[PDB]
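Beneath this line is the structure, given in structure tokens, with notes to follow.
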Amino acid sequence: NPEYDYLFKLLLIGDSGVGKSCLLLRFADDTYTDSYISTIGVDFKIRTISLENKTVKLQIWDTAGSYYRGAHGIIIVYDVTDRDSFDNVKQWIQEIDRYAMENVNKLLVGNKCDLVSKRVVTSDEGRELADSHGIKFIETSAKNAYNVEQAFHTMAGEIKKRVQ
Ligand SMILES: Nc1nc2c(ncn2[C@@H]2O[C@H](COP(=O)(O)OP(=O)(O)O)[C@@H](O)[C@H]2O)c(=O)[nH]1
Ligand SMILES: [Mg+2]
Ligand SMILES: [Mg+2]
Ligand SMILES: [Mg+2]
């Protein structure tokens with residue numbers, strides 16, 4: 001009996017400091033530290049999930065390579081407390097659309113939503129950007145786990161719809 005029905009390669013991209021590695025560690029290991037992480041110590045993380053009746057193995061990178069790793073899905077992360085990281089999403093997307101797989105799936109993530117007093121990008125602004133690009137949007141906090149599992153499951157769900 002085969003271990004899994006599907007293998008999906010996922011890449012997290014976005015400006016330095018937005019929480020890409022923290023999002024991965026929370027999802028894959030259910031850990032979080034405020035302490036600086038230069039490297040997670042491995043090239044990628046593996047987690048297996050269930051989608052309807054299918055077992056899906058997720059192979060996830062928090063660093064670019066090929067540059068986009070032949071990813072089936074790309075999670076674009078900004079920090080809701082950092083306006084520059086949000087504006088730069090426009091550039092990340094532009095590069096994905098030109099240089100990643102032609103029909104790669106995309107998800108917009110606004111991270112650090114636990115920091116309500118430091119927020120400078122509204123949820124509505126995040127949603128507007130995602131809508132303009134025809135992609136889904138989710139706000140997360142790696143710190144308290146809010147929406148982290150949902151973000152990756154949502155990404156997997158979008159890929160599955162495309163590959164059947
Ligand atoms: N308050 C809060 N801080 C976060 C969150 N995620 C990451 N951080 C902080 O942001 C820093 C940068 O995160 P990191 O994962 O290294 O960002 P990366 O450069 O995109 O890989 C971390 O060291 C944490 O201090 C979050 O969800 N909430
Ligand atoms: Mg990192
Ligand atoms: Mg700027
Ligand atoms: Mg800058």
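Following the order of the structure tokens, chains are lettered A, B, ..., residues in each are numbered from 1, and ligands are numbered from 1.
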
Checklist entry - So which bits of chain A end up strand (DSSP E or B) when you DSSP the backbone, as a PyMOL selection string? => result chain A and resi 6-13+45-51+54-61+73-79+105-111+136-139

Please write the residues from the selection above to a file, keeping N, CA and C atoms, as a short mmCIF file (atom, residue, chain, number, x, y, z; two decimals), in the first residue's frame.
data_model
loop_
_atom_site.label_atom_id
_atom_site.label_comp_id
_atom_site.auth_asym_id
_atom_site.auth_seq_id
_atom_site.Cartn_x
_atom_site.Cartn_y
_atom_site.Cartn_z
N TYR A 6 -0.38 11.86 -3.18
CA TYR A 6 0.12 13.06 -3.84
C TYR A 6 1.35 13.58 -3.12
N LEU A 7 2.27 14.13 -3.90
CA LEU A 7 3.40 14.89 -3.37
C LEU A 7 3.29 16.32 -3.91
N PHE A 8 3.11 17.28 -3.00
CA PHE A 8 3.08 18.70 -3.38
C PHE A 8 4.30 19.42 -2.81
N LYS A 9 4.99 20.14 -3.69
CA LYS A 9 6.14 20.95 -3.32
C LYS A 9 5.66 22.38 -3.11
N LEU A 10 5.97 22.93 -1.94
CA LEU A 10 5.51 24.26 -1.55
C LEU A 10 6.73 25.10 -1.23
N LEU A 11 6.69 26.36 -1.62
CA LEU A 11 7.76 27.30 -1.29
C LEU A 11 7.17 28.52 -0.59
N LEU A 12 7.81 28.95 0.50
CA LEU A 12 7.45 30.22 1.13
C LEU A 12 8.40 31.27 0.59
N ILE A 13 7.85 32.39 0.11
CA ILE A 13 8.67 33.52 -0.34
C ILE A 13 8.17 34.85 0.27
N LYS A 45 11.15 20.77 4.98
CA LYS A 45 10.38 20.00 5.94
C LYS A 45 9.34 19.15 5.21
N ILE A 46 9.00 18.02 5.82
CA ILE A 46 7.99 17.12 5.29
C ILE A 46 6.84 17.01 6.29
N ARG A 47 5.62 17.22 5.81
CA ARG A 47 4.45 16.84 6.58
C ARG A 47 3.36 16.23 5.68
N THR A 48 2.73 15.18 6.19
CA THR A 48 1.66 14.51 5.47
C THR A 48 0.31 14.94 6.04
N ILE A 49 -0.60 15.30 5.14
CA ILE A 49 -1.95 15.71 5.53
C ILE A 49 -2.99 14.87 4.80
N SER A 50 -4.23 15.01 5.23
CA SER A 50 -5.34 14.36 4.59
C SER A 50 -6.24 15.41 3.96
N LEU A 51 -6.61 15.19 2.71
CA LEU A 51 -7.56 16.04 1.98
C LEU A 51 -8.69 15.20 1.39
N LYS A 54 -7.87 11.66 0.22
CA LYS A 54 -6.49 11.50 -0.27
C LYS A 54 -5.45 11.91 0.78
N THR A 55 -4.37 11.14 0.84
CA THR A 55 -3.20 11.45 1.65
C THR A 55 -2.22 12.25 0.81
N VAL A 56 -1.84 13.42 1.33
CA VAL A 56 -0.99 14.36 0.60
C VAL A 56 0.31 14.59 1.36
N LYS A 57 1.43 14.24 0.75
CA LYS A 57 2.72 14.58 1.33
C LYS A 57 3.16 15.97 0.86
N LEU A 58 3.46 16.83 1.82
CA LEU A 58 3.93 18.19 1.54
C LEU A 58 5.42 18.30 1.78
N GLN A 59 6.13 18.76 0.76
CA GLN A 59 7.56 19.01 0.89
C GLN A 59 7.73 20.53 0.82
N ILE A 60 8.26 21.12 1.89
CA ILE A 60 8.19 22.58 2.05
C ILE A 60 9.55 23.23 2.28
N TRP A 61 9.87 24.23 1.46
CA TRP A 61 11.10 25.02 1.57
C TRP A 61 10.75 26.43 2.05
N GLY A 73 3.00 25.07 -5.45
CA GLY A 73 2.34 26.18 -4.80
C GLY A 73 3.35 27.09 -4.13
N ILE A 74 3.09 28.38 -4.20
CA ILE A 74 3.95 29.36 -3.58
C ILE A 74 3.13 30.21 -2.60
N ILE A 75 3.58 30.21 -1.36
CA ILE A 75 2.97 31.03 -0.33
C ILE A 75 3.78 32.32 -0.21
N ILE A 76 3.13 33.43 -0.53
CA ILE A 76 3.80 34.73 -0.47
C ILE A 76 3.47 35.39 0.86
N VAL A 77 4.50 35.62 1.67
CA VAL A 77 4.32 36.14 3.02
C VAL A 77 4.72 37.62 3.15
N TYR A 78 3.87 38.40 3.79
CA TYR A 78 4.26 39.72 4.27
C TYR A 78 3.99 39.81 5.77
N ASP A 79 4.50 40.87 6.38
CA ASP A 79 4.39 41.10 7.81
C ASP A 79 3.39 42.27 7.93
N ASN A 105 0.16 27.50 -8.18
CA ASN A 105 -0.81 28.08 -7.26
C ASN A 105 -0.15 29.06 -6.30
N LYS A 106 -0.90 30.09 -5.90
CA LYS A 106 -0.37 31.14 -5.04
C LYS A 106 -1.33 31.40 -3.88
N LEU A 107 -0.77 31.70 -2.72
CA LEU A 107 -1.55 32.10 -1.56
C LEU A 107 -0.89 33.30 -0.91
N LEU A 108 -1.67 34.32 -0.59
CA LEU A 108 -1.14 35.49 0.11
C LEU A 108 -1.33 35.33 1.62
N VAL A 109 -0.24 35.47 2.37
CA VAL A 109 -0.29 35.37 3.83
C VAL A 109 0.20 36.65 4.50
N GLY A 110 -0.65 37.24 5.34
CA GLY A 110 -0.23 38.36 6.19
C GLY A 110 0.08 37.85 7.57
N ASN A 111 1.36 37.76 7.90
CA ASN A 111 1.81 37.18 9.16
C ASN A 111 1.97 38.20 10.29
N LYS A 136 -6.14 33.55 -3.09
CA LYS A 136 -6.71 33.56 -1.75
C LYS A 136 -5.79 34.29 -0.75
N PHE A 137 -6.36 34.63 0.40
CA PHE A 137 -5.70 35.45 1.42
C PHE A 137 -6.01 34.88 2.79
N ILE A 138 -5.00 34.85 3.65
CA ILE A 138 -5.19 34.42 5.03
C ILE A 138 -4.22 35.18 5.93
N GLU A 139 -4.69 35.57 7.11
CA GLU A 139 -3.79 36.15 8.09
C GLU A 139 -3.43 35.13 9.14
#

Item to check | Protein and nucleic residues near ligand 4, 9 Å, only C-alpha atoms and all ligand atoms, as a ChimeraX atom specification | outcome: /A:15,84-85,88

Contacts of ligand 2, 10 Å or closer, only C-alpha atoms and all ligand atoms, given as a short mmCIF file (atom, residue, chain, number, x, y, z; two decimals) with C-alpha atoms, in the first residue's frame:
data_model
loop_
_atom_site.label_atom_id
_atom_site.label_comp_id
_atom_site.auth_asym_id
_atom_site.auth_seq_id
_atom_site.Cartn_x
_atom_site.Cartn_y
_atom_site.Cartn_z
CA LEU A 12 7.45 30.22 1.13
CA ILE A 13 8.67 33.52 -0.34
CA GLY A 14 8.69 37.16 0.90
CA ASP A 15 11.00 39.78 2.39
CA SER A 16 13.56 38.90 5.07
CA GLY A 17 12.03 39.05 8.55
CA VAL A 18 8.36 38.46 7.65
CA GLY A 19 8.23 35.04 9.42
CA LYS A 20 8.74 32.46 6.62
CA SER A 21 10.91 30.12 8.74
CA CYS A 22 8.68 30.63 11.82
CA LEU A 23 5.60 29.71 9.74
CA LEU A 24 7.35 26.53 8.55
CA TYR A 36 16.73 34.58 15.63
CA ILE A 37 16.91 31.69 13.16
CA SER A 38 19.58 31.83 10.47
CA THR A 39 18.67 28.34 9.23
CA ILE A 40 16.11 25.66 10.21
CA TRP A 61 11.10 25.02 1.57
CA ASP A 62 11.45 28.38 3.38
CA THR A 63 14.35 29.49 1.08
#

Next on the checklist: For the structure I just gave you, how does DSSP split chain A - specifically, which residues are alpha helix (DSSP H)? Reply as a PyMOL selection string.
Outcome noted: chain A and resi 20-29+83-87+89-99+123-133+148-163

Checklist entry - Quick one: distance from atom CA of residue 64 of chain A to atom CA of residue 156 of chain A in Å, one decimal? => result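 Atom CA of residue 156 of chain A lies 19.0 Å from atom CA of residue 64 of chain A.
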